[PDB]
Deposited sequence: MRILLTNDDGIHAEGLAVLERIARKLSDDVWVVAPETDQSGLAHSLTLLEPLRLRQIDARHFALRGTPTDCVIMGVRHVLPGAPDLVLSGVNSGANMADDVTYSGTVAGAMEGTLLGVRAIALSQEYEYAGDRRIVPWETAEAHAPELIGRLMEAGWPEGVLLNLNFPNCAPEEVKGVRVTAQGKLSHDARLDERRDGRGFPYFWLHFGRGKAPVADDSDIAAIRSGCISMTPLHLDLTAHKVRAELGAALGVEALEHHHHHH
């Protein structure tokens, strides 16, 4: 019933307005703590070296000069009158799938909710080009999905990662419980000079359309299905522990 919202696109981004409309279908007790600005690539980082600055827009909406992870902690530990029952992060402008999950500020917001002991869901909306994001699709489908998930709980320590395909609402083919996909890791550095002549680089990622696993988040979205992947924060490769020849 007490729902806390954050995102990585910023307090003023349309995706967050969309999330709050989704949230209000589930409860009236909604709280928003979101970054001041875009947080692309910020992953699960938080702000320890500099002060956090909190800006109140109204008694339920706050912007924070910090990461999504900072936002969730601020919400849970300072802003709300008690722990939220659900944390929602998004709706991101652009999908978060496969190896994105490690780098995603939207996914990290949910993670943080989960580390704080709260049920948490990340939501991301695939689009096409500039951006025409079919927000109505997440908006039409997210409420009932979250309602069902909340009704059937899910395990402690696991968060849900939802991606909505670039389709019109009535065109989405269905929903699938997926696994995290894998794409080729295509990091690229572009070297330039700044006009006082000093070198610098831009980092970006080539995002190829290669084959992925048929049960992946990617494959689902390519098929026009909503993807729901349960994710956890234990990174141990348990199957590997036994070797250990010789410890």
Per the record, the structure omits deposited positions 130-132, 251-263
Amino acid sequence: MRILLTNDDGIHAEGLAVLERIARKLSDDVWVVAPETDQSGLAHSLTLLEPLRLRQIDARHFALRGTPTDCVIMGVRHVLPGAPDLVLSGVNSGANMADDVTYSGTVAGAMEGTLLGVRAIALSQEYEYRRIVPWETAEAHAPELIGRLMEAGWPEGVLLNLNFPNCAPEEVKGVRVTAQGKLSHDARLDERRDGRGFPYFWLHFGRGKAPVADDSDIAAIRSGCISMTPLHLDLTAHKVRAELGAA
From here on, numbers count along this sequence of modelled residues.
Ranked by mean Cα B-factor in the entry, 40-48 and 24-32, top stretch is 24-32
With B-factors read from the PDB entry, the higher C-alpha mean of 216-224 and 59-67 is in 216-224
Comparing C-alpha B-factors across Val118, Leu88, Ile132, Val101 in this entry, the winner is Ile132
Assert third(CA B-factor, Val72) within chain per record equals lowest
Entry-reported C-alpha B-factor of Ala152 relative to its chain, by third, is highest
Here the Cα B-factor of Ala210, set against its chain, lands in the third termed highest
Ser93: CA B-factor among chain residues, third -> middle
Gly109: CA B-factor among chain residues, third -> lowest
